[PDB]
Every structure is written in structure tokens, then in C-alpha cells.
Amino acid sequence: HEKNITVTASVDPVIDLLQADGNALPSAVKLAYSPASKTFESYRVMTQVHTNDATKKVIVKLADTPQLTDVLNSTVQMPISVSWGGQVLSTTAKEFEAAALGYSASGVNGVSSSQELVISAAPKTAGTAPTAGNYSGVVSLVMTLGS
Amino acid sequence: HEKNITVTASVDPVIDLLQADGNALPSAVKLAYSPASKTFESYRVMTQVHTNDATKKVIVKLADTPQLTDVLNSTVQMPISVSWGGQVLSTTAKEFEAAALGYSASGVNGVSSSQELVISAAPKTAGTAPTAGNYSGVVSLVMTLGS
Amino acid sequence: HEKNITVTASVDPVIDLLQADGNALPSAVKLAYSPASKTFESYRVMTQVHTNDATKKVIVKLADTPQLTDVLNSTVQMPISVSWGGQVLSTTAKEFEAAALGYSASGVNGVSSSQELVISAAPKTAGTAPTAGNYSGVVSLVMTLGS
Amino acid sequence: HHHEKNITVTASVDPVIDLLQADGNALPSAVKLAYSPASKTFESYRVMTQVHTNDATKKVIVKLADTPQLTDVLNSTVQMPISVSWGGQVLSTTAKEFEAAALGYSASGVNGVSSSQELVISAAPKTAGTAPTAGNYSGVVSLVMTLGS
Amino acid sequence: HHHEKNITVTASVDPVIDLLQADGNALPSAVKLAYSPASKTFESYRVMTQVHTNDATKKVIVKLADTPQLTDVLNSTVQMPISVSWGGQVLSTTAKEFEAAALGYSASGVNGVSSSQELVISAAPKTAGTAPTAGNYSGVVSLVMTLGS
Amino acid sequence: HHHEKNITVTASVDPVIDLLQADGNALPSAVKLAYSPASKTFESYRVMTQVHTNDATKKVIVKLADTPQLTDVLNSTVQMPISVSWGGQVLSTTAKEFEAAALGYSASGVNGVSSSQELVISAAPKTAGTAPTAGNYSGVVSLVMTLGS
Ligand SMILES: [Mg+2]
Ligand SMILES: [Mg+2]
Ligand SMILES: [Mg+2]
Ligand SMILES: [Mg+2]
Ligand SMILES: [Mg+2]
Ligand SMILES: [Mg+2]
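First to last, the protein sequences are chains A, A', A'', B, B' and B''. A prime marks a further copy of an entry chain.
Residue 105 in the deposited numbering is what sits at position 105 of the first sequence, and the numbering runs on without skipping anything.
Residue 93 in the deposited numbering is what sits at position 93 of the second sequence, and the numbering runs on without skipping anything.
Residue 26 in the deposited numbering is what sits at position 26 of the third sequence, and the numbering runs on without skipping anything.
Residue 45 in the deposited numbering is what sits at position 47 of the fourth sequence, and the numbering runs on without skipping anything.
Residue 86 in the deposited numbering is what sits at position 88 of the fifth sequence, and the numbering runs on without skipping anything.
Residue 105 in the deposited numbering is what sits at position 107 of the sixth sequence, and the numbering runs on without skipping anything.
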């Protein structure tokens, strides 16, 4: 008998990012919004940075400023709030020192300590209900070593 | 380095439905069927109804009667069994009183107590093996406040 | 109000495979690869074989030898390592005896004891970094009863 | 050359009615509630349960055996009251009724097993306008239920 | 002005063979089994395990040290027998053998660690045609294993 | 005809600072570390935590109250040292400082609650070139933290 399963993977051998539990991060995520609290439940996940060189510092920024755009109207865009490892993420690059990442402290050689990843969004005129419908965008992730 | 993640969300600010854990319900679900027990493992999930007005009663029905239709033969349809919060769901509307939902009892203002959601299906001539192959359909969800 | 959810399922009433928790196996899986350890985190999952006849032995092999093929270059293929229930899986068929599967030992009639399922992959010249980019393939699953 | 692993196996058997977890696991004997200095509140403990009965036609009455309190474990005069909740109805010494039909016995699983229902135990300071004194506390939630006839 | 949190750290170290959980966590010292009045049965406890050994070439013998029973904790005459299972083989006082090759040592993880195997502890009434008396019970599963030479 | 389920409710209340789990659950009083004969090492216990404070402008100092050890519970002379870690900084008797800004107080949740941080307790043999003697051990991790002014 035959059951079929697609296997895909995403290699990169200088530096990558996976969840603490070793599985790959997903390729997409659905955020929720609450009528009662008028806000969006965020998305938390734990990640360990892998690398071939732990000695390097690590700088972070979004390839471009993240938004959830109405899929039937471009003019409607509620901004996306990104946060990694206690630090807010934007175009304005943030630097992450190796010793501040706790490399020894975890894992087999190279792997870092778990860092929190949060993604969320808020209405631009926060507190006034957003317009109904579906929304979408891409949070893109830029991180290099050596500043 | 660049890793890409799609962010989508689904706003609605009068009333919505999310899982108890605050994440959004999925957009699709795979049910299983068992050869040995000749039945289908159901799908359970916990949800909290959000709203801008807790005072309203809540009526529920499927936009239309739910089925799993063979994807290579429309003539083959095993019916879909839906159940929310101890009450079976159909076209025949079911009413859910606010005080019976336990609003105060949970959460920040407005949010309700967790309610179970079950989806399943059975062979129409239950007990005689269904024909092999893939099947599909949409469970659509109708809930309004004020009867 | 209307929220939409797709329900799909995959019937087969002589023999099927589902996870121990009763949910269906996914249709696809993303493996991860680690820069630091230069390896791929595997994918473990627990399954119970269902059947209409527990008395039969069970033979296993992949419909064809499993690979992760660069999606922009066919010439790049890192091999896929498959393992089920303590036994490595390949084209070379492996036989699984019913009494060795522990049928009584579990579940309502017919269902077997949980068996581990591992999928992974390794560089073909293991220890030398693989080339970056995305990769893909299908692990296909062949299991019949009666050898 | 003797390698042995011991595991203690216990069970609270009741043949008429019992409240288990949604997953079929037994409820905890004990639960620990954290408290937040930042938000000045306790994090409620929540768990999905299902009544299992031998008579699914019967009503279900549930009540606490005594008003539950967090008690300073070095000073019995210090208390914060415990709040309990089940299937959306706040519990008390004053009983609450749950009709067999509002329990969802049809909609779920085997005979005599209910739909799932949220059990919540939290606590609070006496006047939210003030914080509790530091230290350890403890208390007992004593759940009491008859089905009827 | 002193805020301290204490955590007790324990460990059962065996250098030759030990059975851990699939996730690497240590097995429980204790397990609680719920019982269902509706279905008149106990919910088995199940957990994925992996033998870790220092010799993966050796056979693995496993057995209970004494036939396990649930015992009424107010009346020792009252018992329901405990059923134990591992890697699909029912356990007993009578040993069972598990060949190094049927354990899946190659297929998984580091040297000396097995594929995953289901450990099941449940129990039952003495004659399914009757229910147990209400009350609390308890018992001990005492797992015994040699590898060999 | 009396069916009652008792649940013990406890709580460690501190109004100035407390470390809870990321999910809001209270940390464990106790943790069990398995050890692997195959890999000759212990499986570290790991859990995501968040400081909750009443002053998110303050620094956070954290230290152990005494150097933690696994102690043979039949022979006090036998020890394996315990290693503790939090938010990527190895803990000790020698204090460690954590600036309010390196904690991620903005990036997460309600006022006064930090971003998540990994707490790790593991242990090791004294000279990795040798194994520990078999038996049970136990010890105490005693976490100590001031915020400051
Ligand atoms: Mg639960
Ligand atoms: Mg009360
Ligand atoms: Mg497990
Ligand atoms: Mg036995
Ligand atoms: Mg946690
Ligand atoms: Mg230390």
C-alpha cells in the first residue's frame, strides 16, 4: 500500500536558524486578532542560532519594513511588530554579541542558547477597530556575522 | 542571510473565534479513518469566543450541510459530523446563552470560557467499509449574536 | 458570521497508518539542517498500524529510493534516510511479524503498538558542507500484508 | 549487577462518577499557582475535563466541601480566597446544577462520557487595591459531586 | 529583602543500562491511573522510552521483580492486578528477551541508544464482569533488566 | 454515596520579583535528571522563564546561595557538581548582572514582564574521563536574586 509524503528542506551551511527543539521554523504563520481585547495574539517560538563560527557578533534587521496588507485592497496595511531575543526588530539593525548569546552554555559545539521570537501586529490607529477581511505580508529575515 | 516567512491573519472586529491558547484556528484539517475500528478519529480543539458585547446570545449553524466528497467521484459522499461545546451542529440552528457560556469566568473582558470543537465523519451505511481514495469538503461556520 | 475550514481525509479500509495519538500523519514534512553540527535534525513520530486482520505479517519498502533534490538543479541530490520501528527502510523490503508488533498489547481490536518513524538525510560526502538552496523529494511508502 | 527502576502506581477508583482530564489522564492531586508581582495577580490553573458516569441520563450537582483559601503556612491568620470554576459555572459551597443535556454526552466519545469542560482554579488578594504578604501558602480544593436519581 | 527559589535536584545514575524517555527526560517515580465508571476500565499510562546502554551488542532481558497489584489502601485484601508492557512484549516475573537487533540501535541517535519503544502500565478489575470497590489503591511496578555477556 | 476529589493548592508569593515559566505556570519545586550510560552524560533540564517584577527599570542580580552538588544519598562523600544557567549566563555563588534593557521588557506582554530566557540545570561527573558510581543522588538549586535601587 502507498502513502505519500513530501520531504523538503532548506540548506545553508555558514549560518542558519532553527527552533530550540531542532525542527525547522515554519515557512508561514497565521496571527490571530481579538475583537474583545482589540489586539493580536503574538507568535512566540524558541530558536537556536547555528553557525560554523561562534566568535562572530550577529546583526539583525528585516529586509524591509513588515506589514499585513489587505488582500483585496493594498491601501489597507496594519503594521507588523517583530521581536527577537528581547530586542525589537526593524530595518534599523540590531547587533547581538556572541558572549551575550551564551554559546558554550548550550548544545553541541556552535549552537546558541534559545532566543525568543515574537511576531505580531497592531492597528495603526491602535484602539479603533480594524476593517474586516484577510491580510497578508512577508516578514523577511536578515542576519549576518561580522560588523 | 535571508529566511522568508509568510504572515497572514484574518480580522473581524464584532466577533471572532480563536483557540483557547490564543492562536488562530487552522484553515484546514485532515481527519483520519481507521481500518481496524472502521471509524474516523475526530478532531478536538478548544476555543474561546471573542466579542465586543458579551450580553448577546449566540446562534450557530453550518452555512450548509457538511460532507467529504471523493475527489475523483462526486457521487461518493461520507457525511461530516460537527459538534461544538457539547451541542451537535447542523443547518438546524443552535442557540448559546451568554450566561451559559461563562464570560466573567474567563479571560480579559469579553472572552468566553473554552468550548470544545469536534469534527468527524462516518460512513453513510455505517459499519460497511468505505471505498478507498481521497475525499474533501468545507465545514463552514455561521454564528451571529441576537435572536 | 462565516469562518471557513477545509476538511480532507484519506480512506483505505484494508490497512492504513496513523499517528499514535489517532490523528493522521501529515502529507508533507520540513527537515532541518545544522551548520554547527553539519547534519540534519531527523523527524520522529509515533504510529499505530491499523488493519482488518492482525494475523498477517507486514513487509515494508520505499516505492523508490528517497532523495532531496535541489529545486533549481537536479544534479544535486542529498540522500534521504528512512527508519521505521527500529528497522532501516529502503527498497530492500523489511518484514514485520504480527507477534513482534504487539497487537493485543494495545488499543481496540486490530491496532498495533506504537512504532517509531524517523526520516532524515545526510550529505553524500558526509562531513563536507552541502551547497545552499532548497531541496525536495517524496518519501513514498509501500507496505503489504502476506509474504 | 542489579539494575531496577521502581514506579509507584496509584488510583482513585469511583464506580458511579468521576472527573478525569480530556486526554484521559487523571487529575492532579496537587497544583501550584504562580503569582505575578508585575500584574499583581495569580495565574489560574486551567485543564480540560470530562465527567465519566454510569448514568448519562442523570443531572450533575457539583459543589465545594468548604470555602477554599490560600493560607500562610507560617501564619494561619493570613488568607487569600481561592476561586474555582467548572464548565463555565463558578463553584461554591452553594451547589450548582448541570443538566445531562448541557453536558454534551452525545457529542463525544464513548457512552457515559461528557463533552469537555474547563476547570479553573485561581486565587486573588483580598482587596485588589493591595498586595499579599510574601511567603508560602497552601490550601485545598475539595470537589463534591452527586449525580442523582 | 531576600527572594530565593529552591529546586530539588535528584538523579538515578546507572552506568551500564538505564531506561529513559524518548525526549531524554527521566521516567516518573510515580504514575496515577484514572478509572472510568462509564467504560468500566482504567486508562493506561503510555510513554515512549529508549534503552541507553554501554553495550549495544548485548541482548536485553527485562522482567518484573514481583507481580504488581493495585491494593486497597485501607484494606490489603482488595486487589486489582496491574498489567505492564514494553516494546510490544507483555512483561512479567517470567523474563522476556529483546535482541540487540530488534531494538533498532542503528536507526536512532547516538551510540548505545535504542529506537523508541512503548511502555504501558494499566490495570483492570479481577473479573471484567464486575466493578471494583471505590477507594484509593496503590502498588509498585518494579522493572528489572540485565543486558548480558 | 459521597464522591469527592481533593486537590492541594499551593503558592509562593513574592511581591517584588519572581521567576515564572514562559507559559505562566510556576516553576517546579523539584526536577529529575536522567543520566546516559551510553553517552556518559546527564540530560539537562531546560525551561523557558520570564522574570516578573514590579520595577522594570531596575537591574537584575542573580546568584546561587551555595555551590550545588549531586550527593550520594547513601554516602555523602560522593558528589557530582551541578551546573546551572540562565538567560545564557552561567550562574554561581559569584553574582551575575542582567541589565533591564538586555532582558527585553518592551518586547513582551504586560508591564514588568521580561522576554523569555532559558534556565538550564544539568550535572556532570567530576572527571569526564570516568563514570560516576551507581545509586541515587540529590541536591538543591537555590536561586537568589535582587533587583536593586
Ligand atoms: Mg488537558
Ligand atoms: Mg469559590
Ligand atoms: Mg514521551
Ligand atoms: Mg504483569
Ligand atoms: Mg516552558
Ligand atoms: Mg554552578
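C-beta: ideal position from N, C-alpha, C; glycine also.
Would DSSP call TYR103 (chain B'') helix, strand or coil? Along the sixth sequence, one-based indexing puts residue 103 (chain B'') at 105. Here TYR103 (chain B'') sits in coil by DSSP.
Under a CB-based cut-off of 8 Å, is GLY102 (chain B') close to chain A''? For the purposes of this step, residue 102 (chain B') is taken as the residue at position 104 of the fifth sequence. Yes, because at least one Cβ of chain A'' sits closer than 8 Å to the Cβ of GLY102 (chain B').
When the Cβ atoms of the region 44 to 56 of chain A are set against those of the region 33 to 47 of chain A'', are three or more pairs found closer than 8 Å? At 8 Å Cβ cutoff, the stretches touch.
Curious, which full-length beta strand (DSSP E) runs of at least 3 residues does the region 61 to 90 of chain B'' contain? If we require 3 residues or more, the beta strand (DSSP E) runs fully inside the region 61 to 90 of chain B'' come out as 67 to 70 and 77 to 84.
Might you give, ordered along the chain, the residues of its own chain that have their beta carbon closer than 7 Å to the beta carbon of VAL111 (chain A''), omitting 5 neighbours on each side? Here the question's residue 111 (chain A'') lines up with position 111 in the third sequence. Excluding residues within five positions, the ones whose Cβ falls inside 7 Å are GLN48 and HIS50.
Evaluate contact between the region 110 to 124 of chain A'' and the region 14 to 32 of chain B, counting only Cβ atoms and requiring at least three cross-stretch pairs below 8 Å. With the cut-off at 8 Å, the region 110 to 124 of chain A'' and the region 14 to 32 of chain B do not touch.
Using the C-alpha atoms, what's the distance from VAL82 (chain A'') back to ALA122 (chain A'')? Along the third sequence, one-based indexing puts residue 122 (chain A'') at 122. Along the third sequence, one-based indexing puts residue 82 (chain A'') at 82. The alpha-carbon atoms of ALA122 (chain A'') and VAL82 (chain A'') are separated by roughly 11 Å.
What I want to know is whether the C-beta of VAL111 (chain B'') ends up closer than 7 Å to one or more non-hydrogen atoms of ligand 3. Taking the sixth sequence and counting its residues from 1, the one referred to as residue 111 (chain B'') is at position 113. No, Cβ of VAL111 (chain B'') sits at least 7 Å from all heavy atoms of ligand 3.
Sorry if obvious, but does the Cβ on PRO66 (chain A) come closer than 7 Å to a heavy atom of ligand 2? Within the first sequence, numbered from 1, the residue matching residue 66 (chain A) stands at position 66. No, the Cβ of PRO66 (chain A) stays beyond 7 Å of every heavy atom of ligand 2.
Count the other C-beta atoms from every protein chain shown that fall within 10 angstroms of the C-beta of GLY85 (chain B''), then say buried if there are 16 or more, exposed otherwise. Along the sixth sequence, read from residue 1 onward, the residue named residue 85 (chain B'') stands at position 87. Buried, by the Cβ-count rule.
8 Å CB neighbourhood of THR131 (chain B) in its chain, flanking five on each side removed: Within the fourth sequence, the letter at position 133 stands for residue 131 (chain B). So the list reads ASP70 and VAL76, once near-sequence residues are dropped.
Scan the region 3 to 34 of chain B for residues whose Cβ lies nearer than 7 Å to a Cβ of chain B' and list them as they occur along the chain. Those would be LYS3, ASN4, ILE5, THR6, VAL7, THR8, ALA9, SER10, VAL11, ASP12, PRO13, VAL14, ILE15, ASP16, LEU18, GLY22, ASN23 and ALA24, in chain order.
Step through the CB atoms of chain A'' and report whether any lies within less than 8 Å of the CB of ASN52 (chain A). The sequence position of residue 52 (chain A) within the first sequence is 52, counting from 1. So yes, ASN52 (chain A) belongs to the interface.
Residues of chain A' with a CB under 7 Å from the CB of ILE119 (chain A): which are they? On the first sequence, residue 119 (chain A) is found 119 positions in, with the first residue counted as 1. Under the 7 Å cutoff, chain A' gives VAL7.
Between the CA atoms of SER104 (chain A'') and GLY102 (chain A) - distance to the nearest angstrom: Mapped onto the first sequence, residue 102 (chain A) falls at position 102. Mapped onto the third sequence, residue 104 (chain A'') falls at position 104. Spanning the two alpha carbons is a distance of roughly 49 Å.
Same chain, Cβ closer than 6 Å to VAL118 (chain A), five either side skipped, listed in chain order: Locating residue 118 (chain A) in the first sequence gives position 118, counting from the first residue. Taken in chain order, the residues that qualify are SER42, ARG44 and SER83.
Can you determine whether any heavy atom of ligand 1 sits closer than 7 Å to the C-beta of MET46 (chain B), and answer yes or no? One-based indexing of the fourth sequence puts residue 46 (chain B) at position 48. Here the distance from the Cβ of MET46 (chain B) to the nearest heavy atom of ligand 1 is below 7 Å.
Between which two residues does the beta strand (DSSP E) harbouring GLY133 (chain B) extend? The count along the fourth sequence starts at 1 and reaches residue 133 (chain B) at position 135. Counting along the chain, the unbroken beta strand (DSSP E) around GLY133 (chain B) starts and ends at 133 to 144.
Can you give the Cα-Cα distance for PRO26 (chain B') and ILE5 (chain B), rounded to whole angstroms? Mapped onto the fifth sequence, residue 26 (chain B') falls at position 28. Mapped onto the fourth sequence, residue 5 (chain B) falls at position 7. Between the C-alpha atoms of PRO26 (chain B') and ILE5 (chain B) there is a straight-line separation of about 7 Å.
Below-8 Å beta-carbon distance, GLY85 (chain B) vs any chain B' residue: Your numbering for residue 85 (chain B) matches position 87 in the fourth sequence. Chain B' contact via Cβ: absent.
Neighbour list for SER37 (chain A') in chain A'', Cβ cutoff strictly below 9 Å: Against the second sequence, residue 37 (chain A') aligns to sequence position 37. Neighbours of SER37 (chain A') on chain A'', chain order: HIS50, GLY107, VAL108, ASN109, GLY110 and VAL111.
Quick one: grab the DSSP three-state call for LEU25 (chain B''). Taking the first residue of the sixth sequence as position 1, residue 25 (chain B'') is located at position 27. In the structure shown, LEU25 (chain B'') falls within a coil segment according to DSSP collapsed to helix, strand and coil.
Let me see if you follow: with CB-CB separation under 8 Å, is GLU116 (chain B'') close to chain A or not? Translated into the one-based positions of the sixth sequence, residue 116 (chain B'') becomes position 118. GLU116 (chain B'') counts as touching chain A.
Closest by CA to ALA28 (chain B), which one among B'':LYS3, B'':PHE40, B'':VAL11 and B'':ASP12? Locating residue 28 (chain B) in the fourth sequence gives position 30, counting from the first residue. Looking from the CA of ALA28 (chain B), the closest CA among B'':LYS3, B'':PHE40, B'':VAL11 and B'':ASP12 belongs to B'':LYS3.
What do you reckon, are the CB atoms on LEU68 (chain A'') and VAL7 (chain A) nearer than 8 Å? For the purposes of this step, residue 68 (chain A'') is taken as the residue at position 68 of the third sequence. For the purposes of this step, residue 7 (chain A) is taken as the residue at position 7 of the first sequence. Here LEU68 (chain A'') is near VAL7 (chain A), since their CB atoms are less than 8 Å apart.
Taking just the CA atoms, how far does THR92 (chain B') sit from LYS124 (chain B')? Counting from one through the fifth sequence, the residue named residue 124 (chain B') turns up at place 126. Counting from one through the fifth sequence, the residue named residue 92 (chain B') turns up at place 94. Distance from the CA of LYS124 (chain B') to the CA of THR92 (chain B'), rounded to the nearest whole angstrom, comes to 21 Å.
Cross-chain neighbours of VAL88 (chain B'') in chain A, by beta carbon under 9 Å: Within the sixth sequence, residue 88 (chain B'') is the residue found at index 90, counting from 1. For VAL88 (chain B''), the chain A residues whose C-beta falls within less than 9 Å of its own C-beta are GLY102, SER104 and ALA105, listed in chain order.
Using only alpha-carbon positions, find the residue among B'':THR65, B'':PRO13, B'':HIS0 and B'':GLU97 that is nearest to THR128 (chain B). In the fourth sequence, counting from the first residue as 1, residue 128 (chain B) sits at position 130. Closest option to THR128 (chain B), Cα to Cα, is B'':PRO13.
Check the C-beta distance from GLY133 (chain A'') over to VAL11 (chain A) and give it rounded, since I have them as a contact under 8 Å. As a first step, residue 133 (chain A'') must be located in the third sequence, where it is residue number 133. As a first step, residue 11 (chain A) must be located in the first sequence, where it is residue number 11. Confirmed, about 6 Å.
Integer-rounded CB distance, given that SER120 (chain B'') should sit under 8 Å from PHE40 (chain B''): Against the sixth sequence, residue 40 (chain B'') aligns to sequence position 42. Against the sixth sequence, residue 120 (chain B'') aligns to sequence position 122. Taking C-beta atoms under 8 Å as the contact rule, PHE40 (chain B'') and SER120 (chain B'') qualify, at a distance of about 5 Å.
Reducing DSSP to helix, strand and coil, say where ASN4 (chain B) ends up. Looking up residue 4 (chain B) in the fourth sequence gives position 6. Three-state result, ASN4 (chain B): strand.
If you compare alpha carbons, which of A':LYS30, A':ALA126, A':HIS1 and A':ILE15 is closest to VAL60 (chain A')? For this step, residue 60 (chain A') is matched to residue 60 along the second sequence. Nearest option by C-alpha distance: A':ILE15.
Could you give the residue range of the beta strand (DSSP E) that holds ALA121 (chain A')? Residue numbering aside, residue 121 (chain A') sits at position 121 when the second sequence is read from its first letter. Here the beta strand (DSSP E) through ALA121 (chain A') covers 115 to 121.
Here's a check: name, in chain order, each residue in its chain whose Cβ is nearer than 8 Å to the Cβ of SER114 (chain A), leaving out the five neighbours to either side. What you label residue 114 (chain A) is simply residue 114 of the first sequence in a count that begins at 1. Cβ neighbours of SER114 (chain A) beyond the five flanking positions: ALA20, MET46, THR47, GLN48 and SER106.
Is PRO66 (chain B) buried or exposed, if buried means 16 or more other CB atoms sit within 10 Å of its CB? Within the fourth sequence, the letter at position 68 stands for residue 66 (chain B). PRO66 (chain B) is buried by the Cβ-count criterion.
Name the DSSP beta bridge partners of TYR43 (chain B'), please? On the fifth sequence, residue 43 (chain B') is found 45 positions in, with the first residue counted as 1. The partner list for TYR43 (chain B') (beta bridge, DSSP) reads B':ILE119.
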